């Protein structure tokens, strides 16, 4: 119903993996969160192993101004068709996601940073982040990373095998 629609069918939330996969995994994350950076390889692994998983992203910058810059920049990269590449590059970076580091990585992935910085001001960017905060509060998430796997809430770091187990259980229950 409505809960499901807000979580899984929001057009302003990036979709990775298989857009018609039968299990949706939602991740709430911050580019400066050590466990988010650790979760990147687990989530990539899941997506590589299971071609029937849809992956929905909630940018939830909570670790300060650098994190906010990174989340805005990433959402702005959608306008240049480079969200996914930019997300992986940020989440895999060495050192802090702050204005200078984010902009460096943006160049590396081939973004026009003058356009990126214009697009960072867009009200849809603000709307996404505000909704991530609201959804996090609704679901009882106290920080990042937190996951939803279909009907299940998984509010913490998990390995790929644990994500896969959650996905498999969701399919069994469907």
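Residue numbers count along the first chain shown, from 1.
K.L.:
Got a sec? Mean C-alpha B-factor, which is higher, 86 to 94 or 67 to 75?
P.N.:
Result: 86 to 94.
K.L.:
May I ask you to compare 103 to 111 and 139 to 147 by their mean CA B factor in the entry and name the higher one?
P.N.:
So the stretch with the higher mean C-alpha B-factor is 103 to 111.
K.L.:
How does residue 44 rank on Cα B-factor within its chain, lowest, middle or highest third?
P.N.:
For residue 44, the deposited C-alpha B-factor lands in the highest third.
K.L.:
Could you place residue 166 in the lowest, middle or highest third of its chain by Cα temperature factor, using the values in the record?
P.N.:
It falls in the middle third of the chain.
K.L.:
Name the third of the chain's ranked CA B-factors that contains residue 57, choosing lowest, middle or highest.
P.N.:
Its C-alpha B-factor, which the entry lists for residue 57, ranks in the highest third among residues of this chain.
K.L.:
Taking only the Cα B-factors deposited for this chain, tell me whether residue 121 sits in the lowest, middle or highest third.
P.N.:
Answer is highest: the recorded C-alpha B-factor places it there.
K.L.:
Taking the C-alpha B-factors as the PDB entry records them, is residue 11 in the lowest, middle or highest third of its chain?
P.N.:
Within its chain, residue 11 is a middle-third residue by C-alpha B-factor, going by the deposited values.
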